[PDB]
Amino acid sequence: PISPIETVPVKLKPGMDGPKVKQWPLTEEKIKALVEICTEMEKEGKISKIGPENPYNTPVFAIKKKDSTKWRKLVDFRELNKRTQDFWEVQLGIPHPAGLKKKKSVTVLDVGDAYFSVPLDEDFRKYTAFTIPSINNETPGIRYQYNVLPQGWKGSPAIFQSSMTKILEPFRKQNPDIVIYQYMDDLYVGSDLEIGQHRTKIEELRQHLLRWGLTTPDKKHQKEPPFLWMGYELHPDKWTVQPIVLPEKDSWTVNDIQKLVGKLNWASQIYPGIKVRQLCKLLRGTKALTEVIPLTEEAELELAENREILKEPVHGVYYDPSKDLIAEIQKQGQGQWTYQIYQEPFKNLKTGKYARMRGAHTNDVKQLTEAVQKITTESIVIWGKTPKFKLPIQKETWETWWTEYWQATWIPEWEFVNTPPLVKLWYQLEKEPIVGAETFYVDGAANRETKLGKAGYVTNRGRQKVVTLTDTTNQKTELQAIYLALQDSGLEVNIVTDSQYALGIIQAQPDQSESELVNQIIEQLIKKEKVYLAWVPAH
Amino acid sequence: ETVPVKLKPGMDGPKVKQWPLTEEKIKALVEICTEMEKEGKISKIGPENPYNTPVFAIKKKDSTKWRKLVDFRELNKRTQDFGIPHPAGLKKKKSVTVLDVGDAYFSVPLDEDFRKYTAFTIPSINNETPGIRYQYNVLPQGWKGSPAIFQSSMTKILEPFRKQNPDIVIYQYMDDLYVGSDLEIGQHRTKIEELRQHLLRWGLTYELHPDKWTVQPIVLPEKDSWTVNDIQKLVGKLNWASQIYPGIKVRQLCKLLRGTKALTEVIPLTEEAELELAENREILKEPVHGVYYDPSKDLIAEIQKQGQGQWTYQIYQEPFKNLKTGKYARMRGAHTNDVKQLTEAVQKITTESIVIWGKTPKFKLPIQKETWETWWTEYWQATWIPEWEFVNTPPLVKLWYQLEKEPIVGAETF
Ligand SMILES: COC(=O)[C@@H]1CS[C@]2(c3ccccc3)c3ccccc3C(=O)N12
């Protein structure tokens, strides 16, 4: 009942050798149980009884199930594995509903024994030997080695998928109209043929596989649409988001809050209306996971709002290669971005949110370019295409910014969509000195060790100032200088500084940063009607 | 017959990941590969092979067809060593032409044991299908062991054209052949055809002018009247420049800045202060002494975006000791695509670089890794790929080099 499938050449890691771990002792109950399960496998050709001619071993653990609650079998190959060659990384990236195309009908075959069905490389079998213990470790144990892909073995997933692919090859060509997806033990089949035809084609596949050993279970195990695909319910002509339930408890532990926020966060993608601020202030100063933190009123609130939100149903449409692929983005708050990708207005294939990007120093447009790139990459992955962007920024602003930004940046084909708030340049340093406006020669200095300093200015007009600072830094005294010049000056100002950090501001003009200082400066910059900032060598 | 080929000691084959590709590029690659498979150049492989190397589809002018491009960079580095001392005279021809002799490789089989390491992957949309895994059976374009193992064959095929035309240099690099002669624009092209035609009777099928390349100097401004700001900016530029020309001095000039006057306030240039500037200009009339290309050190290419489609770059191995420097203006059709301009500029520098020291420079790119990795390939046209790192352009570097001189009027190209 094995197979006529060619085996894959498997080799041990470079210079390593097979495992040699003594067998764990088990009860008389667990022994007859394994002697059971196993005595079966030997017949089905899955395993072959071997003698002390094999220096290798792997521990076997007998544990019951919940289905028949009878003793099952478990083999720990953890050792053999880390002694087993590296294979080709198996599909870790799965399909996404938004990239699927509508089908007339979809099925799903469960190639359960997918593993014990595919033969193991004849030479490698020797290493997959395990020993069935004896009562009281008395007489010797019964040796066994796998002939098939062992469940839990490193090579098993990749070697089964391969075999599966080779097996499906002919069927794939004998009829393109039928799209097939292998996922672990599952084969998901879809087509745009009428149900009668499809069902028949399914049957054909089933018997074709059976022509290679691989069999499909009965009517009891069979799965029927819609399918639960990573948070989604897949209907052949539509996807619906699987409703997520938020527990209704009276005492929340830290673990509980952290697992709640996680859920909330993922939901945030499909539902951009979700909030978690108030649930996130609860983890403050927490001393232990099992700690019980009482939900504040605010936490009790948003937790509620989210429930009703998560009530609303969210369904979707599949990808029509024939229509436009569009992607619209919204700036939902400094560094917070929302995007919905669609084809038919108001009919999303996919929505999403990017965490609040918060780095050392950027501006809202560069952040927009980043949101835009990520969506591009996701899109290329999901549809092998790049959506047409609808962005809340004016072609003018875009043009002004990038054409002159120090860094190469880009936004694929895109169109302006006037949906407030639009992203804009919060300010623009003058290109040239401002005639008329006051000139603040600023300078801050501090003993980096004592952390004492002075930040001040002397204008050409006569105005001057100096403030002593404690527990500061040179960077901060310098920035404190520029900051004072900004407060004490009118709507137009010229500031000359030797601050190297200034120079960075001049070339990147950040409208947000990690330091509250630069932040203050930025707020001041945003207020002025004109600001010319100039650098000069220090000392 | 195949020559034995190994990796460097203790160096394992590349296990690099395949970037996602557009539908059109996948469709094209699948086509290109089914045929190479048909033609016995590559073969499908199993899960036992853990290796992988990036691939994509490019498309140079005069083509509706797509070319497959494998990024053997990682592999090339791990590939054992084995080329020519480079024709120092190449950098002198009135006009050089590049040739893609990449196909002259599938003829030669690849040592059976090295095949695994050439494993590549044709990605699938939405992960709906696992990759179509392959590996080469022949010498692959883009691999460095190829031009080597096929050297002699290339030697024998070129001589006849070489002797008939000794006033024409034939330098090879990767899948490329650079032909440079001093014949007139027409008498030169007709010669390429003769070399190609000659090359044509086998399995092989860019026009630059090295002697035109001139390392331009730095030109300090000469305002009508100078303001405080004017000087402050000049001093900074000059002061930073000190690092390259230790003779450049800002002493006097800096003394005209000992006043808290308006930035727009005009300042009179003292006689001494003008001498100082005069001398700095002198010092800046020629490339610094002592710069010698070391073939035992990596060639470094750094670029800065000067905005408005303009780019500047320096090729060097030591800091501030430039072997070459230049300004690059974007090409027609790229007004709104920094990435395109960048890859173009990057390809030019490489090309110039190849011509001069016969090897590619490690590049320093003023672009974000994500932005580059997502779109460079969409405008790549060369058969080779240089090494690169992404960096933040320092404010002064850009300010100092946008300073270089440009044509009096242009090129007067009637
Ligand atoms: C990707 O195309 C396929 O191979 C398969 C075939 S079945 C599946 C599918 C099932 C499970 C996971 C992923 C897809 C599907 C279901 C619902 C609507 C369309 C499709 C489709 O084309 N998919």
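Note on naming: letters A, B, ... go to the chains in the order of the sequence lines (proteins, then strands), and numbering restarts at 1 for each one.
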Residues A:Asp86, B:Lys15; criterion side-chain contact (heavy atoms from CB on, under 4.5 Å); working and verdict: CA-CA 11 Å; A:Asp86 281 298; B:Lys15 295 189 183 186; 3.7 Å; yes

Main-chain N/O of A:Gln373 paired with B:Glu370 side-chain donor or acceptor, under 3.5 Å: no

Smallest separation among heavy atoms of B:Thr371 and A:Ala408, with atom names: CG2-O, 4.4 Å

Engaged part of B:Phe390 at the chain A interface, taking heavy atoms whose separation is under 4.5 Å: neither

Residues B:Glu48, A:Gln85; criterion side-chain contact (heavy atoms from CB on, under 4.5 Å); working and verdict: CA-CA 8 Å; B:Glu48 66 265 44; A:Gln85 79 166 79; 4.0 Å; yes

Within-4.5 Å side-chain heavy-atom neighbours: A:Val496 and B:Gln232: yes

Rounded distance [0.5 Å steps], CD1 in B:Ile125 versus NZ in A:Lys385: 10.5 Å

Within 6.0 angstrom of A:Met184 CE, more than 12 heavy atoms from elsewhere: no

Side-chain donor/acceptor of B:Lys305 to backbone N/O of A:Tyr405, under 3.5 Å: yes

Of B:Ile367, B:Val339, B:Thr374, the residue whose pairing with A:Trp410 passes side-chain contact (heavy atoms from CB on, under 4.5 Å): B:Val339

Heavy-atom contact with chain A under 4.5 Å, split by part of B:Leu342: side chain

Greater than 12 external heavy atoms within 6.0 Å of B:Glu373's CD: yes

Close side-chain approach of A:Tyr181 to B:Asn126, heavy-atom, < 4.5 Å: no

Side-chain donor/acceptor of A:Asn460 to backbone N/O of B:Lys261, under 3.5 Å: no

Donor-acceptor side-chain pairing of B:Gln368 and A:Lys366 below 3.5 angstrom: yes

Nearest heavy atoms of B:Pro394 and A:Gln507, plus distance in Å: C-OE1, 4.4 Å

Basic-acidic side-chain contact under 4.0 Å: B:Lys233, A:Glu432: yes

4.5 Å side-chain heavy-atom contact, B:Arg133 and A:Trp88: yes

Shortest non-hydrogen contact between A:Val381 and B:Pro20, atoms and distance: CG2-CB, 3.7 Å

Worked verdict on A:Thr376 versus B:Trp375 for side-chain contact (heavy atoms from CB on, under 4.5 Å): CA-CA 10 Å; A:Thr376 290; B:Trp375 297 292; 3.9 Å; yes

Heavy-atom contact with chain B under 4.5 Å, split by part of A:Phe87: both

Which atoms of B:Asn49 approach chain A - backbone, side chain, both or neither, heavy atom under 4.5 Å: backbone

Evaluation steps, side-chain contact (heavy atoms from CB on, under 4.5 Å), between A:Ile380 and B:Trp19: CA-CA 10 Å; A:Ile380 298 294; B:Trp19 342 299; over 6 Å; no

Between B:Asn229 and A:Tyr532: side-chain donor-acceptor atoms closer than 3.5 Å: yes

Option in A:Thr409, A:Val536, A:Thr377, A:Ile159 with maximal non-hydrogen atom pairs under 4.5 Å from chain B: A:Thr409

Atom group of B:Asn392 that falls short of 4.5 Å from chain A, counting heavy atoms: both

Other residues, nucleotides, ligands: >12 heavy atoms within 6.0 Å of B:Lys59 NZ: yes

B:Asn127 vs A:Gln91 side-chain heavy atoms within contact, under 4.5 Å: yes

Heavy-atom contact with chain B under 4.5 Å, split by part of A:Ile382: both

Per-residue contact mode, A:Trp406 against chain B (heavy atom under 4.5 angstrom): both

Contact origin within A:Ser162 toward chain B - heavy atom pairs under 4.5 Å: side chain

Check: B:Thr336 and A:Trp398 side chains under 4.5 Å, non-hydrogen atoms: no

Proximity breakdown for A:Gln161 and chain B, heavy-atom pairs closer than 4.5 Å: side chain

Engaged part of A:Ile434 at the chain B interface, taking heavy atoms whose separation is under 4.5 Å: backbone

Chain B contact via A:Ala158 - side chain, backbone, both or neither, heavy atoms under 4.5 Å: both

Spacing of A:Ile180 atom CD1 and B:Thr129 atom OG1 [to the nearest 0.5 Å]: 9.5 Å

Structural part of B:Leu257 lying under 4.5 Å from a heavy atom of chain A: neither

Interface moiety of A:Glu370 toward chain B, non-hydrogen atoms closer than 4.5 Å: side chain

Heavy atoms of other groups near A:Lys11 NZ, more than 12 under 6.0 Å: no

Closest contact, heavy atoms only, B:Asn239 versus A:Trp535: ND2-CH2, 4.5 Å

Any side-chain heavy-atom pair of A:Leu100 and B:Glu128 under 4.5 Å: yes

Structural part of B:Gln304 lying under 4.5 Å from a heavy atom of chain A: neither

Any B:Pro47 side-chain heavy atom under 4.5 Å of A:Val8 side chain: yes

Student check: side-chain heavy atoms of B:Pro130 and A:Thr165 closer than 4.5 Å: yes

Portion of B:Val228 that has a non-hydrogen atom of chain A nearer than 4.5 angstrom: side chain

